[PDB]
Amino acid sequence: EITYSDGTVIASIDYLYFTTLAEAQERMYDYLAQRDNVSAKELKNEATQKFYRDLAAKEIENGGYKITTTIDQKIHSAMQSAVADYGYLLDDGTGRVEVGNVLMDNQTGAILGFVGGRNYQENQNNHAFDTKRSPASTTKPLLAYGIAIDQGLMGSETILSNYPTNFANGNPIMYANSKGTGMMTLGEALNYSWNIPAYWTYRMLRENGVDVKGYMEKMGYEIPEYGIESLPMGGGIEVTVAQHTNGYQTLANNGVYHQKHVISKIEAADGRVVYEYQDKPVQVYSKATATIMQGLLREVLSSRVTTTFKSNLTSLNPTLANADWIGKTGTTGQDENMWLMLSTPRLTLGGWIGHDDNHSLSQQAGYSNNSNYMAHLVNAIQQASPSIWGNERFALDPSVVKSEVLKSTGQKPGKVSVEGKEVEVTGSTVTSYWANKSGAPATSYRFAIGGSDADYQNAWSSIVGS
């Protein structure tokens, strides 16, 4: 039979059933092929695969295996009741809205609970484990800003260009209906989720030959082509909620990745271990980088620019809203998919909404609807398991380097030549957090990530006038 993590039987041999059943069958496939001495060469034959897949299914059926899952029964039940009771809050006037959520332990990668969809009876597609969609702007902290910080190419108060710029094909890089503004901090870039700063960040990574793919593959992401301008905005990427939750698990867990899983162990009746989850922790980002990103992602939620989440949760459960929440939102180019990823030090909860056929949601479906739904979901989870989110706080690792930098440039105050006239770059300052050894460079002319000659003249006009 299939059990929760506490031995309680889920079933003998709905989303839960079919999902845990499917994972187990995959594990039984590997075991059975190995048992029967099937080489990888013969395992490539498609008729052989169908046989061993059918075999794996019957072994579970007419066999006496104990399948131990990571599922927390109380927490998963409560998530089902939340989507039953509160699912309808997602419906935004563009048809029935589908949903997928995964709740993951940050220290193990274990999946404690999930939401497969609005209602298994009406639609069986598994939106937590099977559906794959662009993660949109939630790509940014992982693939762009996170890597640039880790490479010591950027710190927390570094300045980026959000000046209008075009893709290679002459099209304006857009952010809803805006073609861009001017220079801005990483903080503002993340809080608003502007697109141009992420484009430049990724361009810079390519220019420095960074092994971006090495980072992503260490987190289990399969991206077929890295040579894409809109990659950091989610272009050319498609992920399940379970896999993408694993990325945010990595950032939340001070940069150490643990592979997601639902099955922890399968035993024969007599105790033989057919399968057991083996942990393989990987330091994907430096502790400095991850803890710096946590600080930035904390302000993403607290600024409330792209999500009402903290307001929604404050009202439902103000004590829970005082835990140390960080998170990032995502919106695809036509409002086809909305993401909201949330973490406390203990747990990450991933969330996607969208339509199965990929037509648009409303403009506010992620900002308001999904944020409100996920507040209910977070509150249901806590009510069922009152300690599970924890009261720990995210905190800068000691290894973090702090520089005093000029707010205007994001770099150390000093002299720079602005068209002939060697100039004293003065003015008010902030602490910038870096994940290298030396911190922030002295100010340069091209002080920002990205920007055209025209842009930099314009910016320096402003700066120079004070």
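Whichever C-alpha set is largest while still superposing within 1.5 Å between the two forms counts as the rigid core. Note that residue numbering begins at 1 and tracks the sequence as displayed.
A fit on the rigid core, followed by a root mean square over CA positions in 6 other deposited structures of this protein, ranks 268-276 against 285-293 and picks 268-276 as the more shifted one. Remark: when the other structures in 6 other deposited structures of this protein are fitted onto this one via the rigid core, 40-48 deviates more than the alternative among 62-70 and 40-48, judged by RMS CA distance. Where coordinates are absent for parts of the deposited sequence, a chain break appears; between neighbours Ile13 and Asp14 it spans 10 or more residues.
Across the two stretches, 261-269 and 138-146, the PDB entry reports the greater mean Cα temperature factor for 261-269.
The PDB entry reports B-factors from which the mean C-alpha value can be compared for 161-169 and 349-357; the larger average falls on 161-169. Highest CA B-factor among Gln278, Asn372, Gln243, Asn195, as stated in the entry: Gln278.
Ranking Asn208, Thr329, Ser385, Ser178 by the C-alpha B-factor listed in the PDB entry places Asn208 at the top.
In the deposited entry, the Cα temperature factor of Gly333 places it in the highest third of its chain's modelled residues. Placement of the Cα temperature factor of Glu225 within the chain: middle third of the modelled residues, per the deposited record. Annotation for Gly235: C-alpha temperature factor in the middle third relative to the rest of the modelled chain, per the entry. The PDB entry assigns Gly155 a C-alpha temperature factor belonging to the middle third of its chain's modelled residues. In the deposited entry, the Cα temperature factor of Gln363 places it in the highest third of its chain's modelled residues.
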